[PDB]
Each structure stands twice: as C-alpha cells, then as structure tokens.
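This report concerns only the one structure given below.
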Amino acid sequence: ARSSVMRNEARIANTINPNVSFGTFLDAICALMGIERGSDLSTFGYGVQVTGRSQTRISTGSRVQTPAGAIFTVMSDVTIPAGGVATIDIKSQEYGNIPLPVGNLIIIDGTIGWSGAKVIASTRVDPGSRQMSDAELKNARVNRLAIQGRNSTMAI
Amino acid sequence: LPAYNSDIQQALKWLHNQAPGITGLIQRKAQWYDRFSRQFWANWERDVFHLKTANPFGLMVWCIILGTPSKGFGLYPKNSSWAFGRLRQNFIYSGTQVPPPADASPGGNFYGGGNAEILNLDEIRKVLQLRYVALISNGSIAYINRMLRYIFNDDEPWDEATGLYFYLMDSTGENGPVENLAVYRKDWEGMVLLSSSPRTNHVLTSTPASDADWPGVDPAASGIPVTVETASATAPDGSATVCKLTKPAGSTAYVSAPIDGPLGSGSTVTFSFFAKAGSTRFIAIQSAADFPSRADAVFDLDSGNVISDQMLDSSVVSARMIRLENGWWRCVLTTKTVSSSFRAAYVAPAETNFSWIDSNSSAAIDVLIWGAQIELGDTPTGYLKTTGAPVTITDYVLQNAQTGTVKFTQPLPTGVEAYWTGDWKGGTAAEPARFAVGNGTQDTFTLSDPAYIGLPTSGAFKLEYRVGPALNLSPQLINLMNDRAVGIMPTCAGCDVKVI
Amino acid sequence: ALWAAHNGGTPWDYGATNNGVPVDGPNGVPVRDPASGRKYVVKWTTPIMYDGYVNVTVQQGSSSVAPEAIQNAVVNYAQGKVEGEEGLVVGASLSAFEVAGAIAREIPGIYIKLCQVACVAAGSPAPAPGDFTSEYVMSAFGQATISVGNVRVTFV
Amino acid sequence: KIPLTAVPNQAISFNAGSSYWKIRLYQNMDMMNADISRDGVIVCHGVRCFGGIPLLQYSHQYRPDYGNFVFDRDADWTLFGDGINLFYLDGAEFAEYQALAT
C-alpha cells in the first residue's frame, strides 16, 4: 500500500509543464486548441454482390483488395434471384485506410457468393486514425507559440 | 514494458480461504485505499479538467492562476449558501400571508443581487476560457473568431438567419456592389438554378415520334427492337404529350435520339431525363463515349436512389435525384472525361434496380418518357423545348448592379416566384430570399433586403461586438464585460472596447 | 495571407497617386472567412517595374571569354543565386560597384576598365550614353529588373 | 553519449563539461524517471523521461554556462545498448538546439 500510493503520487508531481501527457496534457493543449480520438473506421455503404439465389451472406465475412487490405462486412442479408444486393463494410484496423476502386478478392468464402466489386455510387467516409498521439501535440503548441511571438509587421 | 501490479489483495494467499477475519481486514483496507487514494485522484482530475469543471473551488483556483477578479461571478447555488435547507420554510412567505414569487433560483431571493451577477456556471466557464484566449492573443482577429466558434458553437457551422455572433467588421467595410448572384425560382418543377451566360441544348427532339425518329440498336439480334409511340397522360407542365415504350421478352434493345457530335472538348456533360411513372419501378440511362469508355447510371423511380453506375473511363462526376409531386422526379447525371470522344446517349427500360442497360428481358415492361435535354455544365437548369436544332436562351441580365435591379428577357408568367443568393448591400443571403412576384406581364423587379450587415463601421481604433438572440446569452455578462478593470477581452493599446 | 495578420484598429488603404500602383481601386476582394465569418476587405500594392541600363568596358587580358558568359553571370546574379547577396529586391538601389564586385567574385584574374549604369521607366526608348552614371538611387516603392540583351558590353 | 545497460535500476557518475555529474535511472509505473545531481549537491528530482525534450526544464538549473541532456526516443530499460541512446551537449550546442526548438 505504501509503495503504491507513494509511487502514484510521484507520478503526477508536476503536470503544468507541457512535457506531461495522457489526458492532463490533452486538457492543457485544448486550453488553446487540440483534438483527440480521431480513430474511426472506413465505414461504407452500397456494396455490390452477385451470387446464387435465395442465399444468405453471413455477417463478419472477410474481403481483400489488391494491395492486401483486410475488410470485414457488417450486416447479413439475402440475395434476390436477380443477383444484386447492397452490403456494408468495415476495416480491421482503426485506421484511415484508402480503398482502391478495383474489384476485390475474397478471403472468407460463403457458398455461391462472389464478386466483391466497387461501385461509384458507394458512400465513402474517410476515418481518422489516432491522428494525434502525443508529440505532434507539442509540435502544434510550439507552432502556435511561434505564431504569437511575432509583432504586427514581422508577422506580416 | 514489464507490467506493474500495485494491488493490495496480493497479500492474501491460498492458505486463506475459509478465513472471514483476516480476509475481511485485508479487503476492507483495500476499499479504504481505493476510496481515498485512487477514486479521489480520478475525481480531482475530472474536476480540474477544464471543459467540464464543476467545482467552484477549482474555478476559484483557475481564477487565481489567471489573476482575474471573481466578485462578479455566482460562486455556488449550493447548500452551503445562506438560507437553503430541506424544510427552510420558517420565517418566509409559505402561502399563509402573501403569495410570493415562484419563478426564482432555489434558495433565498437575496442571493445573486445586482444586474451584473451571473448564476449559470456554464457561462463562467466560457468567460475564463475567453480570458485565457485574451491573455494569449496577439491581435489578429480571425483566430479570435475561430476561438469564438469553438467555445460557443462547439465547432459547428452557423446560421445567419438569427444574426449570429461575431467580433466585428472593424474600420474595414463589408461589401459594396453585388457579386456572384444566382437565380432560384420556385415553380411547378421545384428549384432550378439559372445562368446569365446563354445555355446550349443539343437534344434534337424534345419528344420521340416513332422508331424512325429515335432509332433502336440491337447487338444480339435475339428479338424485335423496342417500339416507341406517343400516348396521352397528365404531363407535369400541364399538357398530354407523354411517350410510351415497352420492352418485349427476349430482346436487348435501346433507342437513342440522334444528337450532333462532338458535344465538347473534355468538359462536363449534364444529361437530363424526366422521371415518369411506369409499369416498372426502375429506369436505366447511359452516356456512351469512345469504345470502350461508356459511363452509365440507373435510377430507382419508386424510391429515388441511384444503384448501378460504373467505370470504363475517368468519366463520371455525380448523379442525384430530385423529388416532384404526383409520381414524378428529376434525374441528372454529371461527367468529366479526359478525352472528348462523345458519340451517343442511350436510354432503355430495365427490370430491376441493378439491371444493366444492355441486359436481356424476361417479360414485357413499360415506362413513360418526356422532356429530354443536354447541356454543358455541372448543375441542372430550366427546361426548354427543342426541335431539329439546339435552342439557346439567355433568361436574365443584370441591367444595373449598384442599383440592385434586373431585367428579364421575357415577362414571367403568373404565380412564378423567385429567390436569389450572393453578396449585396454589405449583406449575406446564403439562404435563398424571395425577391420577385410574377403576375404574368412584368419583367422589371428589385431585390429584397438580406439579413443585413452594418458594412462600413467606419473609424480607426474602433471596435465593438455584435450578438444574436438565438444563443440566449445572458445580459448579465453583457453588462459585466464592458468594464476594463477585470480585463477579459482581447485588446490593443490605443483602441476602445464595447460589448455592443 | 495578409488577412491572417491584423491589429484591430488600423486600416490598410494606401496610395497618393504616385506610389506603387494598387492592383484594384476599392478592394482586392479577400475571402470572407474559412470558418464562421463574413466578407472583409484589405488593400495591397505592387512595385513599379523598371529597366536598368549599364555600360561595361573590359580588356581581355591573356584569356578570351565570350561576352554572353559575362552577361549571363551578371543577370543570374541579379536574381541572387549566391549566398550573401539578396539581389535587386524592392527598395534596393543599384550601383556599378556591386556589379563589378559580383563579376570579380564570379571570376578572378581579370581586368575591369569602366562600368557606368542608368535606369529609367520601363517601356521607354533606349537613352543616350550621356544618361549613364555610377550609381542610381531608386525609390522605396520601386522594383528594378535586368535583361540579357539590354546590357551592352564593349571588348576593347 | 553515455554508456548504459539494461537494468531497471541503475546510477552512473561521470566527469564531463568540467563538472561532476551523477544520474539515477529507475522505472516507475509506466514511464521512465531520472534523478540528476551535480558536484555532490542535488539538482532536480523525479524528472519524467521523453524523446527529444531536455531533462532540465526550469531556467535556473540547466545552464548559466553548463550543458543539458536529451533522449532521442522514449526510454525503455530493456532497450539500452541497442537502438536507444542518451547524449550530452555543451553550452554552445545546447543553445543552438534550443534556438532550433522554436
């Protein structure tokens, strides 16, 4: 108990200095300006699937596109006899991935279901990827303090 | 990298299972240290956390950090204030003697006296944030405004319809003449934007006449070509000039209205096609190009969603549907191609939403068509009749700009109403504003009054703030900040500050 | 860029019908605001283009060099390739002494006889040789330019 | 540079910049920590360790004319001797670095 409490108290002995991190520094930098989180998924819409008839695609299937990006689906749906349905995708990593507009390849295979293919009508939502971890926060603070350093003419 | 446990319960051992006593002691010590050594720090950090600081002690500490006076702030509506308790009914008007006021803050009425006293902690949090912004600012106003948006509107786009909050225009004026106008006209066919420059419409025939008029082409030669004829149905514009075409089974056919070529040199192509209710709920279109580079699209007539559209070249831009009343819609298509080899445009019916223009038919499906047009742009415009030749019309021209007036090429019909947008008389009219009331024969009108801005605000070393009512910002703070002693606004030596 | 720097109580309009010619009369129509703002105005000017005329007299010595080499060395010095010399920036006078210094630092072991200069308004006909001088004081709101063919050299 | 090793708790003394130095490194919770002493008298206690920023923060400590210490990356007691280093700077070099900091 004594060692734990004493170490914990020593952990945050000085915090006002901009060297610290992990939330306290997040607030300190948001005092001027700063965003956090920024870790989403490249969620999509309007998938393209041609398959057999009256079959169901199981959720959380695997999809791969040519530079070997891993993409999972979201919702399970049935296929009409025409052979066209719309799907919903998601990425494996919480990163702002870039999808190449090319016909995809399949990793996890359901029966009689092929042609994971792009459509130009699909919604594209670009996700953040933990864009600001700890150090670019100090870089932004440094840049802003450089900005406020200048007077009227020198800034111009 | 190696883990650190720091857990009290590690003292207990497998020798100790059916021991209520020693385990009780160790566990109770565990909750004691959890309460007074960890949860305490969590709460303290959450309170010193400024965006949602709730402790008045923390706010006072922050004020001491910044050095500001704090007498003008309501410290607490809390229980510790005078005359606040569970009963608290003694020595007061409890309805026995005289009806007392009911809409008031909890506690005594004497607290928060004066018109400069603020009683909602939220705007105190804002005032300290603004004070720090002032202490860090150098004088540039744009970043002050971006701060302002972040702190009040929480980084959310504004709406001038309530005349919202901004620093000011300064000695610099807002605007003089009018630039970048637009024509938003409300009629039967909904919103349409217009262009001052004359517009070209290369459609040869506004409506088909027969199979000879719009020829049909069949690669497969597996069946009869699709037929075309003109039937009678209630057109949206007020006539009966709709067209029929049905797709018999075992045919893969498409009819194309012959159009001149080339249409343009690698620029935008805006195909248009009226949406008419038919037997099938889907309509297929195609804008062909050099073989192979065709780009096409399919519209959901019933629901109003685009489904099928593809890459063969770098052609398309976008495709979107606009609703019309009584079972009709508006369909557009946009395309930017690096090449310029436009050849023809094909339109034919399809069974399902995902069906392609060149897919085969399983049965007989029927659909209506009317009013085709093509133009070189990125936004749809009004419809105009064509026959045999392109029809080019300039609808409006700005006769006097500084006056604020416009003369139209023709007298507008009765019931035609129009909007506009741009910058004029120093104002902003991003939301469309009515200006014209067409009774049938007039062609001269004058624009209305935008939301208005005090454009010049002339004077060196002069600055004041302008507020909107939508935010419901208290007037107590408005009275408060006019003072200089507290020093809670950005300023530069040689000027003067006014809240309004 | 200009709109980024402002003081809050100082206008930017300037001109006395003789200083640097402004781009536009009432305003240069700046953007309204990147985020939550309306139209603003600000004024800036541009310098007056000039043309400089220089006479140089040189003796070959013991090695022969084409005149175009010296001409190109001078003119691309005028833009300031070399560290330590900014060039003919706004409000920078021109003197034959500095031109000779640039020539000398560019190539040593050569002899220079005479170097006189002149500068008049742009677009005017070429002036007489009696219009030259050693140094030409040039105004605060003026910009001087040089041309390869404008310079005339004499290999006596 | 400073010769080190991979041990969770260590302390070394060295003579550089015409002054006597003694640094103690020890792991605490998750982040590295350091204690610095000069000429037998304490200087500062419980300095958190981070990549690129100097160890000595307050102005009166780092130098009238002395030097300072900087870690290239975030430290890890298992990585010393392989890919993670500590470097010392004299007055002039540290001043140049500080000018480049802004």
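In the structure tokens, the first chain shown is A, the next is B, and so on; residue numbers restart at 1 for each chain, and ligands run from 1 in the order shown.
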Practice problem: Based on DSSP run over this structure's backbone, return all residues of segment 5-151 of chain C in strand (DSSP E or B), as a PyMOL selection string. | Solution: chain C and resi 22+45+48-59+94-95+111-121+133+135-136+142-145
Saved selection, atoms kept: N, CA and C atoms, as a CSV table (one decimal), in the first residue's frame:
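Generated output (again00.csv):
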chain,number,residue,atom,x,y,z
C,22,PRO,N,-1.7,50.3,-57.0
C,22,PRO,CA,-2.5,49.2,-56.5
C,22,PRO,C,-3.1,48.3,-57.5
C,45,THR,N,-0.4,46.8,-52.6
C,45,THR,CA,0.1,47.4,-53.8
C,45,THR,C,1.2,46.5,-54.3
C,48,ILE,N,6.7,49.3,-59.1
C,48,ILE,CA,6.7,49.8,-60.4
C,48,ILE,C,7.9,49.2,-61.1
C,49,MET,N,7.6,48.4,-62.2
C,49,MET,CA,8.7,47.8,-62.9
C,49,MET,C,9.6,48.8,-63.6
C,50,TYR,N,10.9,48.4,-63.6
C,50,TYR,CA,11.9,49.3,-64.2
C,50,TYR,C,12.8,48.5,-65.1
C,51,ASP,N,13.6,49.2,-65.9
C,51,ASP,CA,14.7,48.6,-66.7
C,51,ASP,C,16.0,49.4,-66.5
C,52,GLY,N,17.0,48.6,-66.3
C,52,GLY,CA,18.3,49.2,-66.0
C,52,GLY,C,19.3,49.1,-67.2
C,53,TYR,N,20.1,50.1,-67.4
C,53,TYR,CA,21.0,50.2,-68.5
C,53,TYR,C,22.4,50.4,-67.9
C,54,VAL,N,23.3,49.5,-68.3
C,54,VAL,CA,24.7,49.5,-67.8
C,54,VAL,C,25.7,49.5,-69.0
C,55,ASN,N,26.7,50.2,-68.9
C,55,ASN,CA,27.9,50.2,-69.8
C,55,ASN,C,29.1,49.6,-69.1
C,56,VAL,N,29.7,48.6,-69.8
C,56,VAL,CA,30.9,48.0,-69.2
C,56,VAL,C,32.0,48.0,-70.3
C,57,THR,N,33.2,48.3,-69.9
C,57,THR,CA,34.4,48.3,-70.7
C,57,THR,C,35.4,47.4,-70.1
C,58,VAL,N,36.0,46.5,-70.8
C,58,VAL,CA,36.8,45.4,-70.3
C,58,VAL,C,37.9,45.1,-71.3
C,59,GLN,N,39.1,44.7,-70.8
C,59,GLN,CA,40.2,44.2,-71.7
C,59,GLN,C,40.3,42.7,-71.4
C,94,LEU,N,20.8,50.3,-57.0
C,94,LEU,CA,21.7,49.6,-57.9
C,94,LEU,C,23.0,50.5,-58.1
C,95,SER,N,24.1,49.9,-57.9
C,95,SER,CA,25.4,50.6,-58.1
C,95,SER,C,26.3,49.7,-58.9
C,111,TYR,N,40.7,42.0,-65.6
C,111,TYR,CA,40.8,43.4,-65.5
C,111,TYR,C,39.5,44.1,-65.9
C,112,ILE,N,39.2,45.1,-65.2
C,112,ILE,CA,38.0,45.9,-65.5
C,112,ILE,C,38.4,47.4,-65.7
C,113,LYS,N,37.9,48.0,-66.8
C,113,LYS,CA,38.2,49.3,-67.1
C,113,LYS,C,37.2,50.3,-66.6
C,114,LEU,N,36.0,50.2,-67.0
C,114,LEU,CA,35.0,51.2,-66.6
C,114,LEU,C,33.6,50.5,-66.5
C,115,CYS,N,32.7,51.0,-65.6
C,115,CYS,CA,31.4,50.4,-65.5
C,115,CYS,C,30.5,51.5,-65.0
C,116,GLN,N,29.6,52.0,-65.9
C,116,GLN,CA,28.6,53.0,-65.5
C,116,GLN,C,27.2,52.5,-65.8
C,117,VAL,N,26.2,53.0,-65.1
C,117,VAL,CA,24.9,52.4,-65.2
C,117,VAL,C,23.8,53.6,-65.3
C,118,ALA,N,22.6,53.2,-65.7
C,118,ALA,CA,21.5,54.1,-65.7
C,118,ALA,C,20.2,53.3,-65.6
C,119,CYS,N,19.1,53.9,-65.2
C,119,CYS,CA,17.9,53.3,-65.1
C,119,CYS,C,16.7,54.3,-65.2
C,120,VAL,N,15.8,54.0,-66.1
C,120,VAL,CA,14.7,54.8,-66.4
C,120,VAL,C,13.4,54.0,-66.3
C,121,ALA,N,12.3,54.7,-66.7
C,121,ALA,CA,11.0,54.0,-66.6
C,121,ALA,C,10.9,52.9,-67.7
C,133,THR,N,25.4,56.8,-65.3
C,133,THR,CA,26.0,57.3,-64.1
C,133,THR,C,26.6,56.1,-63.3
C,135,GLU,N,26.0,55.4,-60.0
C,135,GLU,CA,25.0,54.8,-59.1
C,135,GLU,C,23.7,55.5,-59.3
C,136,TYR,N,22.6,54.7,-59.2
C,136,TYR,CA,21.2,55.2,-59.4
C,136,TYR,C,20.4,55.0,-58.2
C,142,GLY,N,9.8,51.1,-55.6
C,142,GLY,CA,10.2,50.8,-57.0
C,142,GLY,C,10.9,49.4,-57.1
C,143,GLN,N,10.8,48.8,-58.2
C,143,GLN,CA,11.4,47.5,-58.5
C,143,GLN,C,12.2,47.6,-59.8
C,144,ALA,N,13.5,47.2,-59.7
C,144,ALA,CA,14.4,47.2,-60.9
C,144,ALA,C,14.6,45.8,-61.5
C,145,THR,N,14.6,45.7,-62.8
C,145,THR,CA,14.8,44.5,-63.5
C,145,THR,C,15.9,44.6,-64.5
Within 7 Å of chain B, which residues of chain A come that close, and what is the closest atom pair and distance in Å for each? Count only C-alpha atoms and give it as a tab-separated table.
residue	atom	partner	partner_atom	distance
A:1	CA	B:8	CA	6.2
A:4	CA	B:6	CA	5.6
A:5	CA	B:37	CA	6.8
A:27	CA	B:49	CA	6.4
A:84	CA	B:354	CA	6.1
A:119	CA	B:310	CA	6.3
A:120	CA	B:310	CA	6.1
A:121	CA	B:309	CA	6.6
A:148	CA	B:138	CA	5.7
Exercise. Compute the chain C side of the contact with chain A at 8 Å, counting only C-alpha atoms, and hand it back as an MDAnalysis selection string.
Key: chainID C and resid 2 5:7
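For chain C, the residues no farther than 7 Å from chain B when using only C-alpha atoms are residues 4, 5, 6, 7, 8, 9, 10, 11, 35, 36, 39, 40 and 41 of chain C.
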Quiz item: Counting only C-alpha atoms, what is within 12 Å of residue 110 of chain C, bar same-chain residues fewer than 6 positions away, as a VMD selection string?
Solution: chain C and resid 58 to 65 70 100 to 101 103 to 104
Self-check item: Residue list for chain A near chain D as a VMD selection string, 9 Å, only C-alpha atoms
Solution: chain A and resid 7 to 8 10 to 11 13 to 14 17 19 to 20 135 142 to 143 145 to 146
Quiz item: Quick one: residues within 9 Å of segment 23-25 of chain C, only C-alpha atoms counted, chain neighbours fewer than 2 positions away excluded, as a PyMOL selection string?
Solution: chain C and resi 21+27-28+43-46
Quiz item: For the atom pair atom CA of residue 302 of chain B and atom CA of residue 234 of chain B, what is the interatomic distance in Å to one decimal place?
Solution: 18.0 Å
Quiz prompt | Residues within 6 Å of residue 1 of chain D, only C-alpha atoms, excluding chain neighbours under 3 positions, as a list in words | solution =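 What passes the distance filter is residues 86, 87 and 88 of chain D.
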Using only C-alpha atoms, which protein or nucleic acid residues come within 6 Å of segment 104-115 of chain B? Drop anything in the same chain fewer than 3 positions from it, and give the result as a CSV table (one decimal) with N, CA, C and O atoms, in the first residue's frame.
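Written file, part.csv:
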chain,number,residue,atom,x,y,z
B,83,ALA,N,-29.6,30.4,3.8
B,83,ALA,CA,-31.0,30.2,3.6
B,83,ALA,C,-31.3,29.2,2.5
B,83,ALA,O,-31.8,29.5,1.5
B,84,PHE,N,-30.8,28.0,2.8
B,84,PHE,CA,-31.1,26.8,1.9
B,84,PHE,C,-31.1,25.6,2.7
B,84,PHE,O,-30.1,25.2,3.3
B,476,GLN,N,-26.6,39.7,-18.2
B,476,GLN,CA,-25.7,40.0,-17.0
B,476,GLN,C,-24.3,40.0,-17.4
B,476,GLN,O,-23.5,41.0,-17.1
Quiz item: DSSP says alpha helix (DSSP H) for which residues of segment 90-151 of chain A? Put them as number ranges by chain?
Solution: A: 135-149
With C-alpha atoms retained, could you export that selection as a PDB file, in the first residue's frame?
ATOM      1  CA  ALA A 135       4.223  14.541 -29.766  1.00  0.00           C
ATOM      2  CA  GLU A 136       2.547  16.365 -32.627  1.00  0.00           C
ATOM      3  CA  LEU A 137       0.595  17.997 -29.803  1.00  0.00           C
ATOM      4  CA  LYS A 138       3.832  19.603 -28.612  1.00  0.00           C
ATOM      5  CA  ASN A 139       4.668  20.469 -32.212  1.00  0.00           C
ATOM      6  CA  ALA A 140       1.318  22.239 -32.606  1.00  0.00           C
ATOM      7  CA  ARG A 141       1.826  24.109 -29.336  1.00  0.00           C
ATOM      8  CA  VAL A 142       5.308  25.149 -30.478  1.00  0.00           C
ATOM      9  CA  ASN A 143       3.949  26.374 -33.810  1.00  0.00           C
ATOM     10  CA  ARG A 144       1.234  28.413 -32.124  1.00  0.00           C
ATOM     11  CA  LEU A 145       3.668  29.946 -29.640  1.00  0.00           C
ATOM     12  CA  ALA A 146       5.869  30.872 -32.594  1.00  0.00           C
ATOM     13  CA  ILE A 147       2.808  32.465 -34.202  1.00  0.00           C
ATOM     14  CA  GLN A 148       2.024  34.593 -31.138  1.00  0.00           C
ATOM     15  CA  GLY A 149       5.679  35.591 -30.780  1.00  0.00           C
TER      16      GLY A 149
END
